Structure formats: structure tokens, C-alpha cells
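S.K.: below: the sequence, then the experimentally determined structure.
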Amino acid sequence: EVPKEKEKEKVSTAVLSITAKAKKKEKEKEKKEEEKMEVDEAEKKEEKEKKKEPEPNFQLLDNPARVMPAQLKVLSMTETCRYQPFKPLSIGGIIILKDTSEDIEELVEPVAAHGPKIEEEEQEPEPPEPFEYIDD
Amino acid sequence: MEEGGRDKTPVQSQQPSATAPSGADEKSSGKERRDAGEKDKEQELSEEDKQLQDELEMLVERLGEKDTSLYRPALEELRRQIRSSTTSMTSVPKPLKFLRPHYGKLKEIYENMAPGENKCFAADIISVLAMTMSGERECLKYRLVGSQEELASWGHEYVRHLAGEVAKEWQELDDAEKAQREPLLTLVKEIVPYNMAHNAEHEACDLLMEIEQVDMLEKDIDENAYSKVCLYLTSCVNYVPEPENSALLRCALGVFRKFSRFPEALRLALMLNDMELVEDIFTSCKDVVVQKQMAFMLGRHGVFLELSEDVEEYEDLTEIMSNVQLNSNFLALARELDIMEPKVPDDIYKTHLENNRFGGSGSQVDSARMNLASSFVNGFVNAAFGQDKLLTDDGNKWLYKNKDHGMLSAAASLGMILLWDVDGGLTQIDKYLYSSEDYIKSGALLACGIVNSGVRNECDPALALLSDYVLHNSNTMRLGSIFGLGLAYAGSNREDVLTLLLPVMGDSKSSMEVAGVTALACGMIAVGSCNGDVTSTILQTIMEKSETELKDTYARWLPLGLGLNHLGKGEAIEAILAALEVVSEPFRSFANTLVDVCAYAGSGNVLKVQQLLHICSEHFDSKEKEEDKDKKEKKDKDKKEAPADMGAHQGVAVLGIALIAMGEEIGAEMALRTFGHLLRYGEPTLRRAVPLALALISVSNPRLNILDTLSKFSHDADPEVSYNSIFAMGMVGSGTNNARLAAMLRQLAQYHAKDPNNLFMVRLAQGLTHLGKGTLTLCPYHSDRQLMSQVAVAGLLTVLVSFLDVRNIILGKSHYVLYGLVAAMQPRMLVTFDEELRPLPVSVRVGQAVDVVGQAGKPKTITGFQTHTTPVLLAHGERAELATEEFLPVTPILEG
Amino acid sequence: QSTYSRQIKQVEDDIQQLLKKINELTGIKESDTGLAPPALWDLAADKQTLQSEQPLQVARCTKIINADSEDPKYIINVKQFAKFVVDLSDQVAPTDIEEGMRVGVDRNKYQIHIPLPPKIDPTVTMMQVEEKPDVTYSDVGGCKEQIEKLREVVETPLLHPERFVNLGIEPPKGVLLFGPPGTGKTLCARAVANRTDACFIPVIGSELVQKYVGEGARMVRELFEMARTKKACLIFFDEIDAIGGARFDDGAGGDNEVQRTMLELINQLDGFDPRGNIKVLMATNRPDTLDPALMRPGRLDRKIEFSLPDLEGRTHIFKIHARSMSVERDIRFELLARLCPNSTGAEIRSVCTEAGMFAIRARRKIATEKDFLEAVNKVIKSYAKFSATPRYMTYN
């Protein structure tokens, strides 16, 4: 994470602790009939996030695979499911017939581009993007 | 050990009975709790009655035994049984008498544990019982004084039964005023002054006072017990907050003044700073006490005793108020008025001038800068007044020949030398006005105001001459009238004084450095009283700060003046405040913290907290640095809480200066200069050793200005044998020379360190306490945070007046002389229950008088035990007087 | 109870946390500052540091040469015993340089940044000396003519040199205090030194003499030289009985070490240079021991005997002692004085002391005449046998 963004959070944290502790410690109240204690010390700390794990996944080796039987669907041209190589069983799941793309070539499923017959059934639209030609 | 035993008739088995509840009693625990409820009342009376007799006998017997560690937990467990259903549930007539030894069970616990938390707790439980007993407590204390079988413990412990009263859970007037407080005070100086302070039982004591005096005389030492109650009240500021606290200080002042022993009363009045309090002191003491005693005379004397600042009688808010009080008080109009009037204290000063002589080496060396420096030195040798009169009277030599700033400054300082003259100082002033440049003339006006103060009570006063002067156009002549008016009066709440300040003070920045002093002077008028205010000072202060603060000396005076003016209570202030509030500055913010202190009419708990959330060691250029140094010193605070608490506070103040110095590179040089002024204000425990130690290091180190400030306080004792120390210090001063600029600072330092023989050093506290307060010393201090001095700067420093009147012996009842008194010497210190410590004489002879000096002569005491009398006024001579109180209208003490 | 318990535990606990601050702020290792006088002292030292003063190794100038490199050249020998040829700096001003005196040279580049102060060769002598303390005349026994005579000698010329020069007479140097002990020779020496207000150097005769032969010559030589350079010195040579003795040799060690100090004092005093700005006061109980050189004038101008006092004088020692005490003035000072004649100053103070011993046993705060009478009759009979005076007065 960017150094500048986190530097803001640390600075903020440090100012509240030092300023509050400065007044709190010096005040005199114990001797007084007010009794809020002559010393009161003031520390606040920050925390940083840790690695996220939403719903369990199965981890074996360094992981050239990592699966769970409970499925979610994700869009094409949006692999945000950042696959490990050699998982054929997770791409297309075990072959789709819930989608426009119906397999007529069975369990061939590379982790790269799989586009079987889109004419068998229609369960959803399919915008063409000329974007790859543009880049070209 | 033996179980029970307060169920067995012999008086011997009572002693194991006290230990016994640790195991438990055989019949005695069940009799009180279980059997009392379970079984019928009439039947129980048999069992109880046999137990009552023993329980009572046992109370004197327990006190007779000496354990407090075996005694204390055993009787404490038994206490729970009595509380259950023997407190007042048993029957109506039987419990009242049963509660009488019950009181005893608790008392040992109350006594052993002498903290304040145990005191409190112990009180809550005891007060309810008191109310139930309905006067069995007063009788109980009486038996104890007699001692049937007692012979030790009962002296600390019985006081605790009185301690129990304070809480007043259910006690109206069922024992709150008189319950033998007077024997209890007489024997025990410790525990009762605390009980006394809080309760306001102290009021009853006034009624008692004649009777109490008899015990005070030479049978017992009650005098010590009275002296103690003031120590606790000043300390009580920190204990319990100031708003809760102000009513308590006020309550003790009424009782102390009425009761004859004035020195404790003055300490509280001085702290309050109001108009009402001062008139009262004269009238109260007269009416309660039917005999004339010391009591009539005290009303005058208390004014004299009090040391605030400047001119004689000091505060002189009180002296201006006295003119018709003096009339009521009556021990002779003519006499009372002549002594009270500053003519008498002035008169003794004159007689002293002949023996005193001049012990330094004069100089009025004509022409150049040398002339201007020399004029300064004249005042400095005395550090006040002595036999300089001869030198000063010739106008021609010093004053006329002086050039530029030197004329104003020399002329300004001239009034401060000539104070302690009634006339013949004045003639010199009148002449100088006539001659030469505007400068001599301007400094002369201020000079007139000070001299004329030597006679007042509407006997030719300062106001009459100064009023005409106030109109003058020149900024120097204006400053002289207004500064002279705050110096002379040093407290005023007369209409005429306040109205004159009202349209002047139109200044807010001027070329002349001395013009800033006008603010201090307006604040000076406020002090010692409640608010009428003068609008002009208040308006100009905020404006000045934003406008200029570059001239550090100029800058210091204006916020200080603003706080001092606010001081006291009233609704006059409310109106001007709205006007002041509409403007808000960062600049105004510090001035405001000082005002909080001022407003309340003296604070010390509010002041305390504020000094933690401080303005100390803070600047942005010199924006917040205006009040920062003044605050750090916390001299006002040190003196305010007891003489005992002061010792510690003083060490901390020093430590604090050191702390400001570490923080700021600039602050280090200032922190050195600050020490002479701090020491000077404070009336420290570290008195002789410290300024001298610094002074030597400072020769070797650069900055001659350090020596010059250090020297004011370092002069210390005046020659008796102190000559050896002064001459050595002086030698170091002389030797050094390397420039004229350098030379001027040293030259002043040499002559200040020297003192003429049997004069006195500085004092700002009343001389039986370390509590005081001046406003006079803030001025030299402010202009000596600079590097070097100037001709201009030099003129402010020349004053150190708030010094003694030459009486430190027999103020007396038909004496009022310079002439000595019998004294005896003791190296002893056994007391801790005196206003600043005073030992008991063994009556062995030594050379007449206690030292006229501002230090020393403190263990050297009065003998008034071949006179068979007790001193009200404790012997010291720091400013103190040796006078004694008899029933007789006059002290029949011996002279020598 | 609760409130106090709490405050104790808390304050202490705060010192632990504070520990970083305790060391910097108060001292006791790692910054011992308060930065009002150290800010100044440090600042001046820094410029020195930066060039070539610190580390400054103590050395001393053996000789001034002009050989090898620059025209100013010096051979300094360090206190590790190696010589070095060094330069001279104007980089900071040399101020105290003299041949044979200690000088400071650097270990990085050996050149004289600053000379060490005048004749600090013995650091040992200088530390022990008091400088002019205040002794009150309420314990310097008696009024007496005996006290007054010393003052004319010691105090007047130092206090005022004005007079002596005007007439054209030479001013006092020498006084001999001789007489048996307990007559306050030390006691008076101190009192008048403060009265005059000139620098006080007391030195013990035993300290002058130390282990090796000619070590004793180093301390004395350098002490007399140090005295002359400063402004007004009085060297009070304290109590030399056998530490001052007449020249002889036994061939086992001899009087050699003793005479060494003695002889050193003679060589610089008379010398080919005369006594500088040094006044001398001698305390001896035995003039019988001393060398003929010391006894003749030029350091012993006038001999004054401060010995056992006269009959009137003993009464005056009682009166001065009573002022210090807080005992009765109804006790006749005279009665005590007649009851114990032939008593030194020390003995009259033991009478007061004794009087107090009887008094404490009885459990009185104040001494009585009864205790007093008893105390003198015990002193006249018993104390006489032990007393120092028969043997010391025979020598005197």
C-alpha cells in the first residue's frame, strides 16, 4: 500500500495521543475533592488490515489449485477469480448449461479462452466490444 | 485474654475484657445483638444494667492501658454488636448512657489512623451517635480531663470525639457551638485546629476568649494552638477547591480579628483583598473584649504589621479607611491618632539616621555618564534610606549637571530615598521643579507624592498635591502624577483617586519607556479592595499588546496591570467587561487566565491548575512570551500556602526557572536574571547560600547584568559581623572593569552589596509568615530581562522600597520607641505550632534587642515570664514586634 | 489512609516512567545540566574542541628551542614520558605559558592550544585548603592583650598597605606563634584571616613530607610559587613539631625527608628572588626543634608568645564562652576564674562541658553553679597531670 496514504493515518494517530496525554498527566485532582486522579495516561494505537478470506477455499502445496464446491458466477473479460494454472474443474465449473454458452465440446475447458456454441440456448445478452481491435 | 469480662464485676477483669472480642465474648456479644431483639425489654434490663456499670468503668480503664495495636482491632469487632439494636432500639432511657463507652470503641481507630480519609469516615458514623446521646458527650470529655484511672492515651484520643461533630448528619444545635472546645484546644495543639477550621466552632471561641487567655498566660500554652489554625486554613486551599474554600478563609478572619491575636487575621485578610474586611478589624476586637488589653491597640498595630509593598503602613487601603474607625475604637483620640498617623513611625526613622551613618562610599562625581550612574548609586547603598540626606540636599552637584535621560531618572528615584521623612524631604522636591530642564521637573512630581505620604489621616495628604499635577500635557509629567498616585496610596477606593485616572491614560505606546508604567499604577490603585474600576486601563491594555510588544520592558506592565485592576468583587466590572469581550485576540487569552484569579478575590487552587495548563515557555515571536516568565516563577503560590508548605515550594520554584532555561536558548540568560527577583519576592528557605554561589560563577561568565540583579538580594545581613562577607563580595565588584558600559553595571552591584551598619535587607512578607504580596517588585524585574542596562532602564531599578520601618522592638502599649528590650537566647526549636516558629525562653541574658535586620533574631526571644504574660505578637524582628497581652491596659515589662 | 496509600504507589511508579527524564534533567550520569550556567560553559568549550585542544593531554615545557620547522618551537614532555616537538597556536590565546610550567598539548596534532593554570603541579595541596571562613569571636576565647598583638602584624598591612608605604617602612611578613597547645593558635589564625578578608591557605606540616626524598621539594616549591602569583596570600604553616626539625642524618633514612620541606621553603624565600606576595605565619610548640635559618627575621619579623593567659584573661575566656551557652548569668564568671588559675583555653571550655555532663544526668536543661564549683576543683587537681604545658612551655 502507497506510503503517502498510510503516513496520514500514523500522523493523526500520534497527535491525539500526545496532546491528550500532555494535559491529562499534569492536572491535579487526587488531592482536590474532585478526584479524577492526578495522573491519567493516554495511548491510542492503530491497526492495519490482514489478508482476506471470504468463505473457505482449499489450499494444498504452494497452490497450483484452490477450490470450494459451493459456486459463485463471474463474468468474462472480468477474471477477478485470478486462477492458479491446472484447474480445469473450476473454469466453466464442471461444464455450463446455465449460460448462453452451452458446451458441445465437453470438459476441454482450458484456464484461457473458452467460447463454445452460443446458439444452442440463450439465457442472457452478449454485447460485442470492438476494443481489442482498437488496441491492435 | 479471658473471654468476656465486662460481665464480671471486678475492675481488674476489665483489662482482658478489651482484648476478648478477638475470640468473642461469652455473654457480652449476644446481650447486645441477639438477646436484645429476641427476649423482652424489661428482663434484658437486668443483664444490661450490670454490663453498663462495667462498660463505663472500662472506658477510663482502657485509656489507662497502653496498647493501641492489640487494643484497636478487638474493640472494633465488638462495635458492630452495639450498632445493631443497642443504639437506641433497646428502650428509650437505657441506650443514651450505653452509647457513652461506645464512643470509646470508635475513638482509638479515629486517633491511631491520623490521615484525612480516616477522619472523614470516622466522623459520619460518630455524628449520628452524638445526636442520639444528646449531650452525654460533653460530660464524657470532662471525666477524661479529671482521669479516674486514665494517665496517658486520652489526651489525643478525647479530641477525636470533638472531631466527630464536623459532619453534622443530624446535628443542628445539639452540640455544635461549645462542648468544651477550650480545654481541648489548650492541651492539644495538633488535632483541634483542624476540627476548629472546618466547623466554624471557632465563633464560640470569641465569647470564651477572656477565659481562654488565662490558660494562655503561663499555666498552659494555648497561644500555640491558636497560631496553628491559620496554618491549616492556608494549606486547605489545595485540599478542597477554592470556591468551596473562600467562605472558609472568610469565616476564620472574623473570628481571628475579634479574638485578640491579630497576626493570623492579617494573613487571611491580605489574601482576600477586600474593602469590607479592613474597617472591621478595629471595631470587632473592642466590643467583644470589655477590658482594654492589647485588643484596642491591635487594630492599629495590625495595619502596621502587615507588609504588602512600598510606603509605611504598607497597603494603606486600610489606613485611608481607618480615619473614622480610629474615632470609634477610642483609647484616647489624640494619642491613638498621632501614633497611628505615619508621623510616629517616620519620627523613629529620623533618630536612627545618626547611629546608622553611611557604610559604602558615596559618589556624586560631576559631569558625564558617570554623573548619571552616580545618582542611582546613592539610593542603592541603603537600598532604602539611611543617612544620605546630607548628599541629596545639595541640588546643584548631581541633579542639575545630569544630561538627557539621566535627569529624569535621578529625579524620579529621589522620592524613594526621601520616604520616611514627614517634611524636610519635601523642601528639596519643591526647589528642583523650579530649576532646569523638563526632565528634572517631571521626575519631581512622582517624588512629591511619595514624600507627602509620611503624614496622612487627612493630615496634609498625597492626593491634594497630585490632583493638580495630573492635568499636565507632557507624557513624562503625566506618568509622574499617576505613578506617584499608585505608589503613595498603594490601594484606594476613594472616589477622587479613581475619577482622576479616568480620562488620562490615553497613552498605549510612547517613545519614553517609563510611559508603560502607567498601567501598573492604575492596577496598583485597585489592589487591597473591591472593584470600582477605572475604564482607561482596561481599554488600553489589549490595544497596546497588538500594537507594540517589541520593547520587552514596556510590554510586561500592560497585561499585569489589567489583572491587578480586575482584582476583587463588584458589578462595576461587569459593565466594562462586555466592551472588553467583543474584541477577542490570541493576545488577550493569557491576560484572561490572570483575571480568573483576580476576579474570585485571590485564588490558589484555580491559580494552581492554570499554572499546569500554562502559558509558560511559550512564544511565537514575543506574542505569548509576555506573561510566560512571570507565571513560571509561581512565587505568589509558594507564599500563599503555609510557611511550612513554602519550604518545599521554594525548591520547586528554583527547579522551574532551571526548566524554562533548558527549553529556550534565549530563556537561559533571562532565567539567570529572574533568580534575583524571585528570591527577593519569595522570602525563601534558601536565603544566604544561593545568590552568592551564582554570583561568583557569573564574574567568570560573560554578562555583567547577571551580577547587578543578583546583588539586590545577596546583600543579606547588615553589618554586625556580616561586614567581612559584604567587603569580600564588594572586592570582586571593584576589581572588574573593561568598558564604561560594563563598568556601570558593576559599580551599582558593588554599592548595593554594601549596607550601612544596622539597617535592613528586603522583606515582602509580614515577618511572622512568608505570605505576602507586592506589586512594587514587578517593575525592576520587568526592565531587567534585557541585555545590559541603559540610563533609562537604570531609573526603575533604583527603587527596592517595601523595606521595614525601623521599629522591630517594643511597639508596646505605652512605649513606641527605638530603644531596646530584654531578650534571652535559645538555640532551641521544639515548636511546629507557631506562625513562623518562636521558642520558649529559659531567661538567660544577652545584648539588647532582636536584630533590626530583615533576617536574623528569629530564635532570640522575648522574656515575659518574669512579667507573667503571653506574647500575641511572636518574636522575630524580620518585621515582627515584641509586644505582649495582659488584662491590664499597659504591659509592666522591664526595660534594658 | 486510602488516599495516602494510593499517592505513594503512584508517585514511585511515576519515577520509573520518568527515568529517561531523571537522567537528563537532574543529573547523575548522562547530562548533568540545568542549562542556566552550563549553556554558557559548554558554548565557549566547543570552539576549542573543534580545532586542536581536546583531547588535551597534560604536558610541560622542558625547553624553548627554535630548531626544526617554525621559529617558535618548544620541546614538551607529556606525562607518558615521551618528548614531542610541538608548535604554538594563536588559534585561541595562550595565556599562562612559562618554562617548566604545565602546558596543554593535543593528541591529534601536538601544539599548544592553551597552557594549564599557574603551578597546579600539586592538585593535592589545593583541594584541602579552606578559603577564609567566618569564625565568630564568641568562641575565640577572651578579650586579652594576647589576641590584639597578632592582629597588628597579620591584619593591618594587608587591610591597608597605604600606611606603610607612606612612611616608607617595609610591611609585616612574619609572625611566630609559639607557646603550649590549647591556647587557640589555630583558633585565632582563622579568625583574623576572615577579619582581614584576604585569602587563607592552611597547610599541614605532615602533608609537606611524603614518601620519597625530593617529592617533598616538589610540593613546597610549587606551593610558595602559587602563593606569590595570586593576589594576597597568607600561608598558615600549621603545627610543625618534629616535621620541622634541625638538619642531621642517621644513615637509615635520616632527618632527610623532614629537612627537605624545610630547606625548600628557605631556597625560594631568601633565594636569588625574595619572598613574593606571601605572608607567613608559623605555628610551633617547639622552637627547640627549629633550624637557625627559620628563626632569624625576613620570615619571622616579630616573635609574639601566645601562650597560657594571665589571671584577668581567664575571666574573659569564661565570659566569651557563656555567650555561646544558654546557661545562667546568675553564675559568677569570676568565681570560676579564681577557682581554676593556671588553666589554658581548652581547659576552661572542658569546665563548661563537665558542668553540662552533671546537668544531663540530673536531667536539667540548664547548668548550675553547683555543677560548676565541682567541675573546677576536679580540673585543678586531676587535669594538671595530663596537661601538655610543662614539657611544651620548657621548649618555648
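M.R.: Okay, I see it. Numbers count the residues shown, from 1 in each chain, chains lettered A, B, ... in the order given.

S.K.: burial count for residue A:102?
M.R.: 17 (other CB atoms under 10 Å in any protein chain shown). C-beta coordinates here come from the backbone N, C-alpha and C atoms, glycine included.

S.K.: for it, which non-adjacent residue is closest in space?
M.R.: residue A:120 (3.8 Å; CB to CB, 6 or more residues apart in numbering or on different chains).

S.K.: which elements pack onto the top helix by length along chain B?
M.R.: Ranked by number of residues, the top helix in chain B under DSSP state H is helix B:41-64. Under the contact criterion of 3 or more CB pairs under 8 Å, 6 or more residues apart in numbering or on different chains; DSSP states H and E, helix B:41-64 touches helix B:14-19, helix B:94-112, helix B:136-146.

S.K.: now do the last one: which elements does it pack against?
M.R.: In this structure, helix B:136-146 makes packing contacts with helix B:41-64, helix B:94-112, helix B:154-163, helix B:181-187, judged by 3+ CB pairs under 8 Å, 6+ apart.

S.K.: which of the ones you listed sits most buried?
M.R.: Of all these, helix B:154-163 carries the top mean neighbour count, a mean of 23, counting by mean count of other CB atoms under 10 Å in any protein chain shown.

S.K.: so what touches that helix?
M.R.: Helix B:154-163 is contacted from outside by B:63, B:103, B:107-108, B:110-111, B:119, B:122-123, B:126, B:137, B:140-141, B:144-145, B:147, B:179, B:181, B:184, B:187-188, B:190-192, B:194-195, using CB atoms under 8 Å, 6 or more residues apart in numbering or on different chains.

S.K.: how far off centre is that helix?
M.R.: 31 Å (CA atoms, centre = their mean, to the nearest Å).

S.K.: what angle separates that helix from helix B:94-112?
M.R.: 110 degrees (axes from the mean of the first three to the mean of the last three CA atoms, to 10 degrees).

S.K.: just the CA trace of helix B:154-163, in CSV.
M.R.: The C-alpha coordinates for helix B:154-163 follow below in CSV (Å, rounded to 0.1, in the frame of the first residue of the first chain):
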residue,chain,number,x,y,z
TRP,B,154,-6.9,10.1,76.5
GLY,B,155,-5.0,13.4,75.6
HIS,B,156,-5.0,12.6,71.7
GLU,B,157,-8.0,10.4,71.7
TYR,B,158,-10.7,12.6,73.5
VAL,B,159,-10.1,15.4,70.8
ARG,B,160,-11.4,12.9,68.3
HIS,B,161,-14.9,12.9,69.9
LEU,B,162,-14.9,16.6,69.1
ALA,B,163,-13.6,15.7,65.6
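
S.K.: residues in contact with the most centrally placed residue in chain B?
M.R.: Of all residues in chain B, the one closest to the mean position by CA atoms, centre = their mean is residue B:771, 2.7 Å from it. Going by CB under 8 Å, 6+ apart, residue B:771 touches B:234, B:267, B:270-271, B:639-640, B:643, B:765.

S.K.: looking at the residues you listed, state which has the most neighbours.
M.R.: residue B:267 (29 neighbours).

S.K.: would you check that that residue makes contact with residue B:769?
M.R.: Yes: with contact defined as CB atoms under 8 Å, residue B:267 and residue B:769 form a contacting pair (5.4 Å).

S.K.: alpha carbons only: can I get the longest helix along chain A in CSV?
M.R.: For chain A, the longest helix by residue count, based on DSSP H, is helix A:3-26. C-alpha atoms of helix A:3-26 as CSV (Å, rounded to 0.1, in the frame of the first residue of the first chain):
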residue,chain,number,x,y,z
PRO,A,3,3.4,5.2,1.6
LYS,A,4,1.7,8.6,1.4
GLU,A,5,-1.8,7.3,2.2
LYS,A,6,-0.7,5.3,5.4
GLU,A,7,1.6,8.3,6.5
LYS,A,8,-1.6,10.3,7.0
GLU,A,9,-3.2,7.7,9.4
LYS,A,10,0.1,7.4,11.6
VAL,A,11,0.4,11.2,12.0
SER,A,12,-3.3,11.5,13.1
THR,A,13,-2.9,8.8,15.5
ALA,A,14,0.3,10.3,17.1
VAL,A,15,-1.2,13.8,17.5
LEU,A,16,-4.3,12.7,19.5
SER,A,17,-2.2,10.5,21.9
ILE,A,18,0.5,13.0,22.7
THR,A,19,-1.9,16.1,23.1
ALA,A,20,-4.4,14.3,25.3
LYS,A,21,-1.7,12.6,27.4
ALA,A,22,0.1,16.1,28.0
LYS,A,23,-3.0,17.7,29.7
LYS,A,24,-4.3,14.6,31.4
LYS,A,25,-0.9,13.8,33.3
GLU,A,26,-0.1,17.3,34.5
